[PDB]
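Protein chains in written order, with PDB author numbering: chain C, 37 to 95; chain L, 485 to 532; chain U, 581 to 725; chain A, 581 to 629; chain X, 630 to 677; chain Z, 920 to 1015; chain V, 968 to 1015; chain P, 775 to 819, 833 to 870.
C-beta atoms are modelled at their ideal positions from N, C-alpha and C, and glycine is treated no differently.
Let me begin by presenting the structure, written as structure tokens, before commenting on it.
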Amino acid sequence: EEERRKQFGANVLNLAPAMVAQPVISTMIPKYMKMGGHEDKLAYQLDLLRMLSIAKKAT
Amino acid sequence: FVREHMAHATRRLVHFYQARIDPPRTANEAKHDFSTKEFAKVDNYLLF
Amino acid sequence: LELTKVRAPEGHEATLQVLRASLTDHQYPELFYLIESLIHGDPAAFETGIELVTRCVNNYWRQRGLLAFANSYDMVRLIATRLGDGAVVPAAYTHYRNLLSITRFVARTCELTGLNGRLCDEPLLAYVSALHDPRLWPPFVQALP
Amino acid sequence: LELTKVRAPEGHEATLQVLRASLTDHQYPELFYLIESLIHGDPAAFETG
Amino acid sequence: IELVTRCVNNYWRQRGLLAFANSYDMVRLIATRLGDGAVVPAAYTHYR
Amino acid sequence: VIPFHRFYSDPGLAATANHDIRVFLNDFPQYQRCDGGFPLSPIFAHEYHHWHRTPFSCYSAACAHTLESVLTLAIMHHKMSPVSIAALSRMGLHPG
Amino acid sequence: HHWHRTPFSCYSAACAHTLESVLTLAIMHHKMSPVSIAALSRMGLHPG
Amino acid sequence: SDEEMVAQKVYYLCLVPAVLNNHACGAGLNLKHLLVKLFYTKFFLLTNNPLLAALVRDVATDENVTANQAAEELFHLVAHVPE
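Written as structure tokens, this is what we have:
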């Protein structure tokens, strides 16, 4: 399972692997496994930072 | 003509808008619509 | 105008000059364009980003007298509906509210005095003035009508 | 008016512009609507308010 | 910028007449630059 | 919402008060207007039985504010009694 | 097929400010419908 | 609503172009390609981003709400970005 955690964090989201240091980036990767359309490497980026935006708020 | 037997108009008032259909305005805002000269013209159907 | 004889707005000339100046200023900022296209007229976005938009409008007015988020009716409308409780912007909010009031008063003259009645499909103002049918569209839609 | 020739108010239309604004405001606040319908015009109810 | 705009503010604070107004290029650069945190607050009225 | 009087109905105001009126104006945008002129509820449908008749409100909806409409509505509240015309022309005030 | 035509843009390009053009574009957007001419002449406002 | 659409049309079709004398042009950001540079400044739990730290600190600033503190609010408002 760490293999896909490497793959989406490194090949798709394009970050150096610190996946488990943040909790909410860790939960989106099993959802990103099930979703296709990996050719568009920017949608998962924008799809994950809006969840990071949800992950801290005071509203 | 209706008395309606007023009990709680604050809740029996929105029921008319629960109803979707509006009666005609009965000549008064038409009497306001028809301008002063056209109220005296034959255009005025409410001359009578 | 003489059909209407209504005197709703107050500071219309200075208000439209502040609007003219905000839409004349050369370095009206990238950040304001970003926040306006980002909030995109959603009140559920505006109510989450109050403390950015209100502080940013207030600091922009404190920088220079022309106001902010001006070009978007949705931005100036949400700034109207929420800005002011607590006196975030004390004085340029009068210009914001007067932009809203100018839109309301010109819409009254658009709607005139005494065209009631409707055809079975559509109201009569839709037939008379092209602002009132939804056949005409706002050039900048942010929420579809 | 000209039978009377009285000029009792003097900031009349400025006060009516402020009245226009106060009874215009979309963000006319909420505790106002609470307190006015609560007090309902009584000095005895109002002296606690 | 730290020279020219502080110089404009200094010179308008000195004398009520404005600064770098001989050149269209300089007054163009002022009227374009200002808005970077309001360096010249009230004489930008005259520049714009 | 209580749009109980003909002075005191407002389309967007009553719609945002109770959205049944917003459904009513979804149906009928002909009243969604400052002049408007709502059918105004079988309760207080009694427009002729009302003291205030229609041109009060349909004057006020296009009236010109600030010291002249405030007083001319009260001059529109001159009675049409025979003794009212009597005292009115007696003081030289021209009746309606 | 556009709703707004060249007289709208070419009036707005040479317009005058301060609510005059603001209200007169709104009145330039009256309709040339027959029922619009009917209601307009009964308003007494001049059909175009 | 109807008054909303009438008001939007009045604004965007009469008030705006008469003010601008048609100095207007309707633009929109390239937000998918744009927000990539907004993303992943360092982490959470900043402000080394180029051109975020420029404009946010340059305009939307306060002694309370600095470059980082004001970029926090826009990091909150990343979420609802439309097309």
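Starting from residue i and walking both ways along the alpha helix (DSSP H), at which residues does that stretch end?
| i | result |
| --- | --- |
| L/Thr494 | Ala493 to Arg496 |
| C/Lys93 | Counting along the chain, C/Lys93 falls outside any alpha helix (DSSP H), and DSSP gives it neither H nor E. |
| U/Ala601 | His592 to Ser602 |
| U/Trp717 | Careful: U/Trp717 lies outside any alpha helix (DSSP H) and carries neither H nor E. |
| P/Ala866 | P/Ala866 -> no alpha helix (DSSP H), and no H or E assigned at all. |
| U/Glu627 | No alpha helix (DSSP H) contains U/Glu627, which DSSP labels as neither H nor E. |
| X/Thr674 | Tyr673 to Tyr676 |
| U/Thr661 | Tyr653 to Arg662 |
| L/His516 | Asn512 to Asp517 |
| U/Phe612 | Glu610 to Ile619 |
| C/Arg41 | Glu38 to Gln43 |
| U/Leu724 | No alpha helix (DSSP H) contains U/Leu724, which DSSP labels as neither H nor E. |
| C/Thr63 | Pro59 to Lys70 |
| C/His74 | First-last for C/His74: undefined, no H or E at that position. |
| Z/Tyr978 | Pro974 to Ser979 |
Let me check one thing: in DSSP terms, what residues is residue i bridge-paired to?
| i | result |
| --- | --- |
| U/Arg698 | U/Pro703 |
| V/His997 | U/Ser709 |
Using a C-beta cutoff of 8 Å, does residue i count as contacting chain P?
| i | result |
| --- | --- |
| X/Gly645 | no |
| Z/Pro948 | yes |
| C/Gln58 | yes |
| U/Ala660 | no |
Between the options, which lies nearest to residue i when the distance is taken from Cα to Cα?
| i | options | result |
| --- | --- | --- |
| Z/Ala980 | U/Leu711, U/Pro719, U/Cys700 and U/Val586 | U/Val586 |
| C/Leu78 | P/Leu819, P/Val852 and P/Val810 | P/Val810 |
| residue 548 of chain U | Z/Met995, Z/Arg925, Z/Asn945 and Z/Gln951 | What the structure shows of chain U is the stretch from 581 to 725, and residue 548 of chain U is not part of that stretch, so it cannot be assessed. |
| L/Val486 | Z/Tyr967, Z/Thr935 and Z/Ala1006 | Z/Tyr967 |
| U/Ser652 | P/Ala866, P/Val784 and P/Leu838 | P/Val784 |
| P/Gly800 | P/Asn836, P/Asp845, P/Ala840 and P/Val790 | P/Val790 |
| L/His489 | Z/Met995, Z/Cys982, Z/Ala993 and Z/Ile962 | Z/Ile962 |
| Z/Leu992 | Z/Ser1003, Z/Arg972 and Z/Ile940 | Z/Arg972 |
| C/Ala57 | P/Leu838, P/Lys816, P/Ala847 and P/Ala840 | P/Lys816 |
| Z/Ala934 | Z/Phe926, Z/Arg925, Z/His924 and Z/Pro948 | Z/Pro948 |
| U/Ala687 | U/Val669, U/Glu702, U/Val668 and U/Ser709 | U/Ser709 |
| U/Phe649 | U/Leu692, U/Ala594, U/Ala601 and U/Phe685 | U/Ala601 |
Hey, does residue i have any beta-carbon neighbour from chain L nearer than 8 Å?
| i | result |
| --- | --- |
| Z/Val942 | yes |
| Z/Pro1014 | no |
Under a CB-based cut-off of 8 Å, is residue i close to chain A?
| i | result |
| --- | --- |
| U/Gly629 | no |
| U/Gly666 | no |
Indicate whether at least one CB of chain V lies closer than 8 Å to the CB of residue i.
| i | result |
| --- | --- |
| P/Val793 | yes |
Taking 8 Å as the CB-CB limit, is residue i close to chain Z?
| i | result |
| --- | --- |
| A/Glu593 | yes |
| P/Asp776 | yes |
| U/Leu704 | yes |
| U/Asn696 | yes |
| A/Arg600 | yes |
For a cutoff of 8 Å on Cβ pairs, would you count residue i as touching chain U?
| i | result |
| --- | --- |
| V/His997 | yes |
| V/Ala980 | no |
| X/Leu632 | no |
| P/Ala781 | yes |
| P/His863 | yes |
With 8 Å as the threshold, decide whether the Cβ of residue i is near any Cβ in chain X.
| i | result |
| --- | --- |
| P/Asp849 | no |
query = When you check each C-beta in the stretch 924-939 of chain Z against every C-beta of chain U, which residues fall closer than 7 Å?
reply = none
Contact set between the stretch 669-693 of chain U and chain P, restricted to residues whose Cβ is under 9 Å from the partner = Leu679, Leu680, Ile682, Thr683, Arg684, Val686, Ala687, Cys690 and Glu691
ask   = Of all the residues that make up the stretch 489-523 of chain L, which are near chain V by a beta-carbon distance shorter than 7 Å?
value = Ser519 and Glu522
key: Within 9 Å of chain V by C-beta, residues of the stretch 603-622 of chain U in sequence order   = none
query = What residues from the stretch 980-994 of chain Z come within 8 Å of chain A, judged by C-beta to C-beta, listed N to C?
reply = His984, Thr985, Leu986, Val989 and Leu990
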